[PDB]
Amino acid sequence: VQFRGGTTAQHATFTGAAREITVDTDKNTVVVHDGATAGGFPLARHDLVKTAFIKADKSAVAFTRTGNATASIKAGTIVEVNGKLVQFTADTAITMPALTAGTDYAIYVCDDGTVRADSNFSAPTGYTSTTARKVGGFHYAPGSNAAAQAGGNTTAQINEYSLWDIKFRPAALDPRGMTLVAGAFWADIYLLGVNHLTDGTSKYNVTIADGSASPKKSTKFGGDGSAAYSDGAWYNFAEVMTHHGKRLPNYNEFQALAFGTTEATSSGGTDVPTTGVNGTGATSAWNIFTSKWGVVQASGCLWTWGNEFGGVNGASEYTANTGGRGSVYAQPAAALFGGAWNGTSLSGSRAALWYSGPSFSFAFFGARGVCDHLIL
Amino acid sequence: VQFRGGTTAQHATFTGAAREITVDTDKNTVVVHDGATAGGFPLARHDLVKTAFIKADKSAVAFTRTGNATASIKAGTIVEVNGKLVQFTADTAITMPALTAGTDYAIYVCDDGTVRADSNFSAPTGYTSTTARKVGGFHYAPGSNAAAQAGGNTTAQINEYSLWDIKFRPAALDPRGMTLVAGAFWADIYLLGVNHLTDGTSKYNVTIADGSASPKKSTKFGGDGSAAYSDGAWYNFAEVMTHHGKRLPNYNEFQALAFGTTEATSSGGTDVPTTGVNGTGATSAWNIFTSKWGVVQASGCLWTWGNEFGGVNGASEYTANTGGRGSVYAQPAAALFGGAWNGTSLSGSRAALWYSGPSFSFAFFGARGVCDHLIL
Amino acid sequence: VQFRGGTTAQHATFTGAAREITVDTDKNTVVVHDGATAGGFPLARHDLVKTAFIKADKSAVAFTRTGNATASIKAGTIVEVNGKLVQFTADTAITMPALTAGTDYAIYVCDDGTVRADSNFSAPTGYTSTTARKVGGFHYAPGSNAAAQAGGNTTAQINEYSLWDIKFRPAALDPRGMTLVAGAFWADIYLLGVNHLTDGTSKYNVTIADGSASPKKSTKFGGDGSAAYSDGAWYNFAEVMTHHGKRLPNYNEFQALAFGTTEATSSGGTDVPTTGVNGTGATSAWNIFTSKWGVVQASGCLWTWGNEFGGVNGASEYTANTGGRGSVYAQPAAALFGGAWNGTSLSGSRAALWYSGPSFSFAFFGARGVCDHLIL
Ligand SMILES: [Mg+2]
Ligand SMILES: [Mg+2]
């Protein structure tokens, strides 16, 4: 049984009858007619909505934290997956696996109509990347967010602001282990690791990069993949953030990301070698330094290099101190934020040092990444 | 009447005949056939195109200002609304309500085909938020944009540059009261007001937040809703902007946004308390200071905190002047731009003072929000 | 041959038998029925997927460089065009026109299903802009990208990093002549030219705008189209980049964009007047200074104004040197990056001079443009 239609050319001058239906054999699609309009009204093929993702409210993430280890996908969420339409007419709970503290999770909507979370970032368990479509994700943090200005506990839970969908996410290449600050931008939850190449910039429980344990050399910038930079200069940390589509914080970004940390306090001890854990001889616990947004070790554990210049200038005369890539002249200091483990009273969300030249390297100087917030 | 059916599983290994129409009982959709392809060619369900919005020219707003109190939606605009498709094949006038000077309006495309503007940002008069879709809006200014470099006048009219649509808008979380500057970025039309929590950062005829009468404390940073900040520190304004997903203008931004103001001229008198009105005992009228882009009181009224550090340094010794959030060493000044009522002939689009540290606070230091331009 | 359908009102409370097809005369669309659900299942009109563009991997450009003068469109690409659906199920070679060194090309997809490049940015030869759709583009460079840190050659070829599609492009208002740096942002390939108004900012083999040969006044800021600026001031270059929706680079950006250049080397000679060719009396070839991402004359040719302030301040009193647009107090120098031709061995990817005020101008002070990377 066949309905006669012709080419798109044929259809162009053809006017079907009110409620008549022809077939465009060029497009392979149905065309509805109204008995008055030349060409009719072609319908859309499904190939042209492949990957559609409609949220009821586009200005907020697609999910909700319902408990410490539970989350729901919001009502009104329409999702194309593997030729099929999956939609949720009411808030729907997301099936979780086991949740280890300090790990990242991806959220999948599957072609059977079920929504599941998983530690794997290609496909969840018992599905392929064709049967399941990754739509978002979250971080399962070691501790809670700062309920006020004292920090948070050490109850492992979902970081409410680490929730991202594919149209409400960090601008950077990989969205993992970042958190939405004030709904304005994204900050790395953890300070930059040494193995940022395999781990990402922001990972829980890894060696923190500093003047000594300097970061792996960026492969985008002539790094071989296991070699590290010879020092912990600003130049080096700035190079690393670029490689991951991020930048160092500015003052206004820092004072914001780190709010909620315990002010004018430091980790104490002789070192903070590891993200999310207590420092070597720490006189106060890591979670005392946890922002309102779940930025871990926000302040007073390690100075982060910044992306702003000013303060104390170097020699008013050309100096070749740039890892042998040119010379500086009257070179202003590159900001350092937060304080480190050993400035007791000095540390905090607005703590700022404008003395160090960008070529300076010390074991109190690391970095935290940021990037824009993109809503689509 | 009922057509040859089958499940997606069944459709998979089935080749229909040229112009045969089958129904996929799983997908609930029509499938066109060509007598050649396995599985045929499934059509798209309308849900997967919900909220669609297609512009003819994607790098321009969807509307044209046609006169002081009239504007039109451009030809080629296709809007999905409430299951319906509404489109404008020619330029169509937008139905205006009463327009009061210094008001923001929203533009709605209704399912009955009409396009109207209303002061209400949820639904126009005699429509539900289902039957009408908000697609953009504009600001009805209290005066003209600056034709030359002598400011504008006092004739209420649509600021042409203030037109935004859902895919051509300020990146900020709320589009109201902003104006697009040289198609590069968005700027607040008005200086930051005290009650920015209920008014947004930019609003006509409100009290201008300054060092004395400072801004309401930010909800997202531990404000309660009634509390003001203690003073008008750079730190505070910076934080108020971050709240609304805006930031302070940099030098390049400022010089762009303020262009068209009457250069080397100040308001005179003793104070500027209100946005969009004349200053207290002022010597030249407020519109003298309107920019090419409809930025009201662009210069020579209040200094605006910028987002750039440099110039005169504070003490070369840690100082706890950050409202109790850490200490600062050799802190460079936060830039201020524009000049103020007392500024005499120093005011203008490139007026810049690199003196005050971020901790300073005066009755002639305020702020203006800027943000990114979003084209989708 | 009619199908019994009615209005949307009517459809609202109606249930067809499983596989009954009706016509919504309001929406002019087909409605599938299941036997259970009221209102049925309205299908999507083609209008609502007009301009659709679907990549298999959204985080990468849609094309692949296959050799010096050949490229393919990636498998999985789906393009709506002129009411039709063109789609590439495997890597398909783009049809190349005649390739000339230092020219931008636009990649089109056409309703006859063919994919071709062309120097015309409206339509390829033998098509209207209705039958062909601009989807991407690239730069045919005068030399090669930097293999390591010695620069490149003079073999004309496709700069692989200059590939852009409509959902993977410079945020700038016009994507021509840019190249993506480490996947984080886009940088102009060429130093800003005098006739940027008609050439864009980044164009091969034109006069490089400097202090003597100042650029043309932006028509967005009072320029007429003929008039040049009186000097090569930071203020002016900054104005020019705003006009084109770009920024002056920052330090983190510059070290990135210029990486791969021959470090500690300058053009030598007396002057460098033209983009992409050797300087007047130069002692090193122009391609010696070609970056990893094919930034041409990246360093050691002209100081490029930066978008950072710090270093040497100026008169600690209100000076009016902003070309009549107000006064500056204790004005911090504007950064200058890369070094110039005279600079000798100071020049390089990190060469930075914080001495010159924003009002200074010299015949070795130019600019390069940058903008964000847009992914959709
Ligand atoms: Mg800056
Ligand atoms: Mg600075």
# chains A, B, ... in the order shown; residues from 1 in each chain; ligands from 1
$ residues_near_ligand --ligand "ligand 1" --cutoff "6 Å" --atoms "only C-alpha atoms and all ligand atoms" --output "number ranges by chain"
A: 308; B: 308; C: 308
$ write_last_selection --atoms "C-alpha atoms" --output "PDB file, in the first residue's frame"
ATOM      1  CA  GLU A 308      46.537  38.910  37.914  1.00  0.00           C
TER       2      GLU A 308
ATOM      3  CA  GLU B 308      42.148  45.311  37.270  1.00  0.00           C
TER       4      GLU B 308
ATOM      5  CA  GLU C 308      47.283  43.313  31.623  1.00  0.00           C
TER       6      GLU C 308
END
$ interface_residues --of "chain B" --to "chain A" --cutoff "8 Å" --atoms "only C-alpha atoms" --output "short mmCIF file (atom, residue, chain, number, x, y, z; two decimals) with C-alpha atoms, in the first residue's frame"
data_model
loop_
_atom_site.label_atom_id
_atom_site.label_comp_id
_atom_site.auth_asym_id
_atom_site.auth_seq_id
_atom_site.Cartn_x
_atom_site.Cartn_y
_atom_site.Cartn_z
CA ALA B 17 8.07 -0.43 -0.31
CA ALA B 18 8.64 2.93 -2.03
CA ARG B 19 6.12 5.25 -0.32
CA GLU B 20 4.87 2.75 2.24
CA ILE B 21 4.10 4.22 5.63
CA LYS B 27 8.51 4.87 19.24
CA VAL B 32 8.57 6.25 5.64
CA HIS B 33 9.92 3.57 3.27
CA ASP B 34 11.84 3.63 0.00
CA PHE B 41 13.22 6.31 7.78
CA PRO B 42 11.54 7.11 11.11
CA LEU B 43 10.07 10.58 11.64
CA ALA B 44 10.71 12.92 14.60
CA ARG B 45 8.28 13.25 17.48
CA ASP B 47 8.66 16.58 21.83
CA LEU B 48 12.24 16.34 20.59
CA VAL B 49 11.79 19.83 19.05
CA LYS B 50 10.19 21.49 22.06
CA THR B 51 11.56 25.00 22.80
CA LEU B 173 21.68 35.08 34.89
CA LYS B 220 24.84 33.78 48.33
CA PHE B 221 27.60 35.01 50.67
CA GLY B 222 25.80 34.92 54.01
CA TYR B 235 35.79 43.50 47.90
CA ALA B 238 33.20 42.63 43.45
CA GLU B 239 31.15 40.14 45.45
CA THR B 242 29.70 37.73 41.25
CA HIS B 243 26.28 37.12 42.87
CA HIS B 244 24.43 38.29 39.74
CA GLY B 245 26.88 36.54 37.41
CA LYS B 246 28.48 39.78 36.29
CA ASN B 307 38.52 44.41 37.73
CA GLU B 308 42.15 45.31 37.27
CA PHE B 309 45.04 45.64 39.71
CA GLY B 310 48.05 47.98 39.46
CA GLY B 311 49.45 51.40 40.42
CA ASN B 313 50.80 49.81 46.45
CA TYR B 318 50.84 41.91 55.86
CA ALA B 320 44.36 42.50 57.98
CA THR B 322 40.01 42.47 54.16
CA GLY B 324 38.58 39.67 58.39
CA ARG B 325 39.28 37.19 55.61
CA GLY B 326 43.08 37.13 55.71
CA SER B 327 45.91 39.62 55.26
CA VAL B 328 47.50 41.35 52.23
CA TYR B 329 51.13 42.05 51.38
CA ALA B 330 52.13 44.92 49.07
CA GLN B 331 48.55 45.11 47.80
CA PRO B 332 48.23 47.05 44.48
CA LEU B 376 23.76 30.58 20.40
#
$ select_by_dssp --residues "range 27-247 of chain B" --states "strand (DSSP E)" --output "VMD selection string"
chain B and resid 29 to 32 41 to 42 53 to 54 63 to 67 70 to 73 77 to 81 84 to 88 92 to 93 103 to 110 115 to 118 132 to 141 157 to 158 164 to 165 168 to 170 178 to 181 185 to 188
$ atom_distance --atom1 "CA of residue 172 in chain A" --atom2 "CA of residue 186 in chain A"
9.1 Å
$ residues_around --residues "residue 176 in chain C" --least-positions-apart "2" --cutoff "7 Å" --atoms "only C-alpha atoms" --output "list in words"
residues 104, 174 and 178 of chain C
$ atom_distance --atom1 "CA of residue 209 in chain A" --atom2 "CA of residue 171 in chain A"
23.3 Å
$ residues_around --residues "range 124-134 of chain C" --least-positions-apart "3" --cutoff "9 Å" --atoms "only C-alpha atoms" --output "PDB file with N, CA, C and O atoms, in the first residue's frame"
ATOM      1  N   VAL C  79      23.730  17.201   8.637  1.00  0.00           N
ATOM      2  CA  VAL C  79      23.482  18.613   8.333  1.00  0.00           C
ATOM      3  C   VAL C  79      22.128  18.849   7.693  1.00  0.00           C
ATOM      4  O   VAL C  79      21.841  18.305   6.635  1.00  0.00           O
ATOM      5  N   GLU C  80      21.303  19.679   8.317  1.00  0.00           N
ATOM      6  CA  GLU C  80      20.109  20.172   7.651  1.00  0.00           C
ATOM      7  C   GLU C  80      20.539  21.248   6.662  1.00  0.00           C
ATOM      8  O   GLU C  80      21.379  22.088   6.985  1.00  0.00           O
ATOM      9  N   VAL C  81      19.970  21.212   5.457  1.00  0.00           N
ATOM     10  CA  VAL C  81      20.192  22.254   4.437  1.00  0.00           C
ATOM     11  C   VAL C  81      19.061  22.326   3.408  1.00  0.00           C
ATOM     12  O   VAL C  81      18.681  21.322   2.797  1.00  0.00           O
ATOM     13  N   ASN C  82      18.526  23.532   3.242  1.00  0.00           N
ATOM     14  CA  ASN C  82      17.468  23.812   2.276  1.00  0.00           C
ATOM     15  C   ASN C  82      16.301  22.828   2.325  1.00  0.00           C
ATOM     16  O   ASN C  82      15.835  22.354   1.291  1.00  0.00           O
ATOM     17  N   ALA C 106      36.022  28.659   3.097  1.00  0.00           N
ATOM     18  CA  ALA C 106      34.789  28.278   3.783  1.00  0.00           C
ATOM     19  C   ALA C 106      34.300  26.930   3.264  1.00  0.00           C
ATOM     20  O   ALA C 106      34.170  26.743   2.049  1.00  0.00           O
ATOM     21  N   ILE C 107      34.046  25.995   4.180  1.00  0.00           N
ATOM     22  CA  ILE C 107      33.536  24.674   3.817  1.00  0.00           C
ATOM     23  C   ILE C 107      32.007  24.677   3.779  1.00  0.00           C
ATOM     24  O   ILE C 107      31.349  25.126   4.725  1.00  0.00           O
ATOM     25  N   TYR C 108      31.455  24.191   2.668  1.00  0.00           N
ATOM     26  CA  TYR C 108      30.007  24.139   2.468  1.00  0.00           C
ATOM     27  C   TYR C 108      29.482  22.720   2.358  1.00  0.00           C
ATOM     28  O   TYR C 108      30.181  21.815   1.890  1.00  0.00           O
ATOM     29  N   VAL C 109      28.240  22.549   2.799  1.00  0.00           N
ATOM     30  CA  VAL C 109      27.472  21.344   2.538  1.00  0.00           C
ATOM     31  C   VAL C 109      26.227  21.767   1.764  1.00  0.00           C
ATOM     32  O   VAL C 109      25.534  22.720   2.148  1.00  0.00           O
ATOM     33  N   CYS C 110      25.974  21.066   0.659  1.00  0.00           N
ATOM     34  CA  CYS C 110      24.939  21.448  -0.311  1.00  0.00           C
ATOM     35  C   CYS C 110      23.858  20.385  -0.435  1.00  0.00           C
ATOM     36  O   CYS C 110      24.126  19.198  -0.231  1.00  0.00           O
ATOM     37  N   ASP C 111      22.650  20.812  -0.800  1.00  0.00           N
ATOM     38  CA  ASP C 111      21.498  19.903  -0.889  1.00  0.00           C
ATOM     39  C   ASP C 111      21.652  18.735  -1.867  1.00  0.00           C
ATOM     40  O   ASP C 111      20.943  17.736  -1.738  1.00  0.00           O
ATOM     41  N   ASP C 112      22.571  18.844  -2.826  1.00  0.00           N
ATOM     42  CA  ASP C 112      22.896  17.706  -3.687  1.00  0.00           C
ATOM     43  C   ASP C 112      23.812  16.702  -2.982  1.00  0.00           C
ATOM     44  O   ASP C 112      24.274  15.739  -3.594  1.00  0.00           O
ATOM     45  N   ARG C 116      32.124  20.830  -0.293  1.00  0.00           N
ATOM     46  CA  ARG C 116      33.253  21.515  -0.941  1.00  0.00           C
ATOM     47  C   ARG C 116      33.752  22.776  -0.231  1.00  0.00           C
ATOM     48  O   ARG C 116      32.975  23.478   0.423  1.00  0.00           O
ATOM     49  N   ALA C 117      35.043  23.063  -0.397  1.00  0.00           N
ATOM     50  CA  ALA C 117      35.659  24.298   0.103  1.00  0.00           C
ATOM     51  C   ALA C 117      35.616  25.382  -0.965  1.00  0.00           C
ATOM     52  O   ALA C 117      35.519  25.067  -2.143  1.00  0.00           O
ATOM     53  N   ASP C 118      35.695  26.651  -0.565  1.00  0.00           N
ATOM     54  CA  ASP C 118      35.632  27.773  -1.520  1.00  0.00           C
ATOM     55  C   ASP C 118      36.056  29.091  -0.883  1.00  0.00           C
ATOM     56  O   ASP C 118      35.735  29.350   0.272  1.00  0.00           O
ATOM     57  N   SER C 119      36.751  29.935  -1.637  1.00  0.00           N
ATOM     58  CA  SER C 119      37.248  31.189  -1.081  1.00  0.00           C
ATOM     59  C   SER C 119      36.141  32.221  -0.869  1.00  0.00           C
ATOM     60  O   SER C 119      36.329  33.217  -0.185  1.00  0.00           O
ATOM     61  N   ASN C 120      34.983  31.984  -1.455  1.00  0.00           N
ATOM     62  CA  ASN C 120      33.881  32.901  -1.281  1.00  0.00           C
ATOM     63  C   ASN C 120      33.125  32.563  -0.002  1.00  0.00           C
ATOM     64  O   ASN C 120      32.769  31.404   0.232  1.00  0.00           O
ATOM     65  N   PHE C 121      32.877  33.570   0.830  1.00  0.00           N
ATOM     66  CA  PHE C 121      32.219  33.311   2.117  1.00  0.00           C
ATOM     67  C   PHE C 121      30.693  33.472   2.124  1.00  0.00           C
ATOM     68  O   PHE C 121      30.071  33.450   3.184  1.00  0.00           O
ATOM     69  N   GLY C 137      35.337  26.028   7.837  1.00  0.00           N
ATOM     70  CA  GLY C 137      36.345  26.827   7.152  1.00  0.00           C
ATOM     71  C   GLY C 137      37.734  26.570   7.686  1.00  0.00           C
ATOM     72  O   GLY C 137      37.904  25.863   8.680  1.00  0.00           O
ATOM     73  N   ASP C 165      34.261  24.749  12.803  1.00  0.00           N
ATOM     74  CA  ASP C 165      32.877  24.563  12.362  1.00  0.00           C
ATOM     75  C   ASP C 165      31.926  25.461  13.158  1.00  0.00           C
ATOM     76  O   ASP C 165      32.341  26.121  14.101  1.00  0.00           O
ATOM     77  N   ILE C 166      30.656  25.499  12.780  1.00  0.00           N
ATOM     78  CA  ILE C 166      29.723  26.455  13.387  1.00  0.00           C
ATOM     79  C   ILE C 166      29.470  26.218  14.875  1.00  0.00           C
ATOM     80  O   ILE C 166      28.962  27.110  15.561  1.00  0.00           O
TER      81      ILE C 166
END
$ atom_distance --atom1 "CA of residue 215 in chain A" --atom2 "atom 1 (Mg, counted along the ligand's line) of ligand 2"
25.7 Å
$ closest_residue --among "C:277, C:257, C:227, C:371" --to "residue 175 in chain C" --atoms "only C-alpha atoms"
C:371
$ closest_residue --among "B:155, B:321, B:202, B:342" --to "residue 101 in chain B" --atoms "only C-alpha atoms"
B:155
$ residues_around --residues "residue 341 in chain B" --least-positions-apart "2" --cutoff "7 Å" --atoms "only C-alpha atoms" --output "PyMOL selection string"
chain B and resi 266-269+271+300-302+343
$ write_last_selection --atoms "N, CA and C atoms" --output "PDB file, in the first residue's frame"
ATOM      1  N   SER B 266      32.333  67.008  34.599  1.00  0.00           N
ATOM      2  CA  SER B 266      31.730  66.294  35.714  1.00  0.00           C
ATOM      3  C   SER B 266      30.383  66.849  36.094  1.00  0.00           C
ATOM      4  N   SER B 267      29.639  66.067  36.869  1.00  0.00           N
ATOM      5  CA  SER B 267      28.289  66.431  37.263  1.00  0.00           C
ATOM      6  C   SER B 267      28.261  67.744  38.043  1.00  0.00           C
ATOM      7  N   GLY B 268      29.336  68.018  38.783  1.00  0.00           N
ATOM      8  CA  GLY B 268      29.383  69.171  39.684  1.00  0.00           C
ATOM      9  C   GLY B 268      28.523  68.908  40.905  1.00  0.00           C
ATOM     10  N   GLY B 269      28.233  69.960  41.671  1.00  0.00           N
ATOM     11  CA  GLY B 269      27.434  69.829  42.891  1.00  0.00           C
ATOM     12  C   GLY B 269      28.075  68.995  43.989  1.00  0.00           C
ATOM     13  N   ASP B 271      26.617  65.833  45.382  1.00  0.00           N
ATOM     14  CA  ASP B 271      26.279  64.397  45.406  1.00  0.00           C
ATOM     15  C   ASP B 271      25.522  63.901  44.163  1.00  0.00           C
ATOM     16  N   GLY B 300      31.852  60.765  35.028  1.00  0.00           N
ATOM     17  CA  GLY B 300      31.708  62.051  35.708  1.00  0.00           C
ATOM     18  C   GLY B 300      30.619  62.121  36.760  1.00  0.00           C
ATOM     19  N   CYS B 301      30.233  60.972  37.306  1.00  0.00           N
ATOM     20  CA  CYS B 301      29.209  60.946  38.337  1.00  0.00           C
ATOM     21  C   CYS B 301      29.692  60.178  39.554  1.00  0.00           C
ATOM     22  N   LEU B 302      30.005  58.901  39.362  1.00  0.00           N
ATOM     23  CA  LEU B 302      30.699  58.112  40.370  1.00  0.00           C
ATOM     24  C   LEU B 302      31.778  57.275  39.737  1.00  0.00           C
ATOM     25  N   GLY B 343      34.950  65.424  40.275  1.00  0.00           N
ATOM     26  CA  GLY B 343      36.128  65.159  39.442  1.00  0.00           C
ATOM     27  C   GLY B 343      36.561  66.267  38.498  1.00  0.00           C
TER      28      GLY B 343
END
$ closest_residue --among "C:225, C:363, C:90, C:306" --to "ligand 2" --atoms "only C-alpha atoms and all ligand atoms"
C:306
